[PDB]
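Protein chains in written order, with UniProt numbering: chain A, 18 to 287, 292 to 625; chain B, 469 to 500. Right, one structure below, let's go through it.
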């Protein structure tokens with residue numbers, strides 16, 4: 018937005034446990050949003066966070082505060098028993114960060130807990146180190162905000178935006194001290210949602226039939242749920258990153274969010294067909310190496326699907342992907358479609374080292390490539406010489422005995438009897454792995470009859486990997502489709518990266534990204550986004566619909582695939598922070614309107 | 469009357485008992 022709003026003396030503090038502390042996905046959200054928030058708030062934008070030695074040592078450049086009230090606040094809090102650091106976060110925008118050492122202020126924790134009893138009726142056990150750190154951080158942030166307001170010679174308007182339950186106890190304390198502060202609360206994931214969905218008792222179907230206190234008591238996380246609910250209740254403005262998480266919060270936190278604030282990206286033109298061509302060529306080389314001695318299928322009609330992210334079988338919907346892969350294999354075999362589908366499972370697991378068959382295949386492909394280049398180069402040299410002389414070359418003589426010997430060595434190298442391995446690594450738990458168990462149960466063994474090959478790479482893609490020395494970026498640029506049929510995904514960062522990169526993707530309406538694209542696009546499938554109806558369908562129906570999506574993608578021609586990919590490359594403008602920051606702007610404006618109705622007015 | 473705060477420690481909390489969230493909301497709303 019380009020709204021005309023008053024922020025002349027207003028100051029914004031964005032409180033988050035992940036500021037200069039990468040312990041989740043909110044770190045990238047804050048890092049990317051810092052630029053667009055700075056371009057609007059100037060030097061009145063601060064990022065409260067926790068003090069970590071590693072984070073400061075690698076990311077924070079300690080500075081001297083720029084306003085006298087800020088020096089007075091830091092000095093008072095440092096001489097009153099705490100240790101507070103002021104610095105600049107070394108990212109785009111270089112936002113000023115107010116880091117707090119929670120451990121150095123632990124000596125008051127007991128007394129502070131008493132305060133939490135006297136205002137909020139919230140108690141925390143001693144053994145919850147994470148919750149006690151949250152309490153310390155919240156008390157430190159509240160004290161910082163109060164001291165900053167006290168030391169200001171002219172009292173400004175403070176907007177405190179707390180992220181997640183870790184930072185929300187500060188919101189509870191701020192609302193319990195009548196501080197002139199506009200408090201916003203953003204939940205990037207409801208706390209009980211992960212545990213309830215992990216129970217596999219139809220989390221989304223029974224959202225209105227849950228006993229939140231009973232479930233928390235079963236999980237022994239009642240204090241955490243209570244403090245997040247208090248943060249959501251007390252906030253002037255309650256926002257969420259998605260509509261599905263908004264429903265989760267309406268039914269679990271018992272408050273309907275005021276705005277939904279989707280996560281965005283710093284899209285930077287990371292065209293899209295040169296990179297796709299190069300990455301597809303490298304993926305083809307990897308597939309040639311892996312399937313050496315079994316390359317009986319056309320590689321010009323091979324489609325590369327992929328799924329990535331954290332290795333959560335049920336949550337990421339990898340079981341649905343595998344079942345749909347088996348059904349699609351049957352569909353391709355029965356219909357005689359000469360299409361081949363190579364499905365990559367890039368999901369890190371606990372692995373020992375690289376498989377012997379996979380390394381041997383890569384070495385065999387390298388040897389074949391070297392042999393082919395050598396023979397081709399000397400053939401071209403002899404051909405050029407013959408053409409210069411003016412004679413039509415005789416191919417029965419342009420190969421000397423050395424070429425035949427080395428080609429025979431290559432042919433003997435390619436000889437192989439076993440089938441290509443499903444997994445490229447040695448899994449420490451072959452029996453305990455859900456992906457391998459499902460693959461061996463459904464019958465996808467990379468045989469010649471199978472039209473669907475499966476490659477499970479249980480490690481992060483890096484350029485230092487001997488197998489496939491390309492990062493996640495460049496690897497998935499060369500894939501045709503990304504399938505993310507997730508069940509519990511509050512926003513979904515892998516599908517969003519995939520869409521920004523220009524690759525058509527399959528998401529669900531139970532993910533935040535899927536809901537976002539569903540509500541922002543008239544016909545998502547035209548643009549390359551396929552949304553599964555996982556919220557109103559049984560899992561068998563979800564697998565059938567995913568199979569239909571995959572078969573429809575396979576039945577597309579090259580022309581339709583290119584057109585769809587062009588539309589997907591168009592789509593990336595929706596996912597930038599330039600468009601998606603207006604939701605945060607609106608949330609801050611409602612917070613200012615609610616906390617200071619006399620000075621600020623908001624028109625929704 | 470700090471007996472309930474003793475129960476709040478160590479996770480010995482009766483979720484639907486005396487320390488239910490209704491009283492938490494009441495005390496929050498009173499000082500809001």
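We put the CB at the ideal spot given by N, CA and C, even for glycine.
_Using only the alpha-carbon positions, how far apart do residue 110 of chain A and residue 495 of chain B sit?_
41 Å
*Cβ atoms of residue 446 of chain A and residue 372 of chain A: under 7 Å apart, would you say?*
yes
_Rounded separation between residue 292 of chain A and residue 156 of chain A - CA only_ = 50 Å
_At the level of alpha carbons, what is the spacing between residue 166 of chain A and residue 240 of chain A?_
30 Å
*For residue 492 of chain A, which residues does DSSP report across the bridge?*
According to DSSP, which records beta bridges pairwise, residue 492 of chain A is partnered with nothing at all.
*Neighbour list for residue 471 of chain B in chain A, Cβ cutoff strictly below 8 Å*: Those within 8 Å of residue 471 of chain B in chain A number zero; the least Cβ separation is about 12 Å.
_Through-space distance from residue 308 of chain A to residue 294 of chain A, alpha-carbon basis_ = C-alpha separation (whole angstroms): 20 Å.
*Three-state secondary structure (DSSP) at residue 526 of chain A?*
strand
*Of the choices A/486, A/405, A/265, A/389, whose alpha-carbon is the least far from that of residue 433 of chain A?*
A/389
*asked:* Any beta carbon from chain B within less than 7 Å of residue 234 of chain A's own beta carbon?
replied: yes
*asked:* For residue 383 of chain A, which residues in the same chain have their Cβ closer than 8 Å to its Cβ, ignoring the five residues on either side in sequence?
replied: 307, 310, 311, 487, 488
*asked:* Just verifying my parser: in three-state terms, what is the DSSP assignment at residue 374 of chain A?
replied: Residue 374 of chain A carries a strand assignment under DSSP once its states are collapsed to helix, strand and coil.
_Any beta carbon from chain A within less than 7 Å of residue 485 of chain B's own beta carbon?_
no
*Does any CB atom of chain B fall closer than 7 Å to the CB of residue 230 of chain A?*
yes
*Using the C-alpha atoms, what's the distance from residue 565 of chain A back to residue 575 of chain A?*
Taking the straight line from one Cα to the other gives about 15 Å.
_residue 355 of chain A, DSSP secondary structure in three states_ = Reduced to three states, the DSSP call for residue 355 of chain A is helix.
*residue 262 of chain A in three-state terms, based on DSSP*: helix
*asked:* I'd like to know whether the C-beta of residue 142 of chain A is nearer than 7 Å to at least one C-beta of chain B.
replied: Taking Cβ atoms only, chain B reaches closer than 7 Å to residue 142 of chain A, which makes this a yes.
*Taking a Cβ distance cut-off of 7 Å, strictly less, list which residues of the segment 234-256 of chain A are near chain B, in chain order.*
234, 237, 239, 243, 246, 247, 250, 251
*If you drop the 5 nearest sequence neighbours on each side, which residues of the same chain put their C-beta closer than 6 Å to that of residue 346 of chain A?*
364, 473
_Assumed close pair residue 509 of chain A, residue 211 of chain A - CB separation to whole angstroms, cut-off 8 Å_ = 7 Å
*Under 8 Å Cβ-Cβ, which residues of chain B neighbour residue 136 of chain A?*
Taking the beta carbon of residue 136 of chain A as reference, the chain B residues within 8 Å of it are 495, 499, listed in sequence order.
*Evaluate residue 352 of chain A with the Cβ neighbour count: other Cβ atoms within 10 Å of its Cβ, from every protein chain shown; 16 or more gives buried, anything less gives exposed.*
With 16 or more Cβ atoms within 10 Å of its Cβ, residue 352 of chain A is classed as buried.
*Using a Cβ cut-off of 7 Å (strictly closer), state whether residue 33 of chain A contacts chain B.*
no
*Beta-carbon of residue 339 of chain A versus every beta-carbon of chain B: anything under 7 Å?*
Not flagged as an interface residue toward chain B: residue 339 of chain A, since no C-beta distance is shorter than 7 Å.
*Bridge partners of residue 448 of chain A, per DSSP?*
A/372
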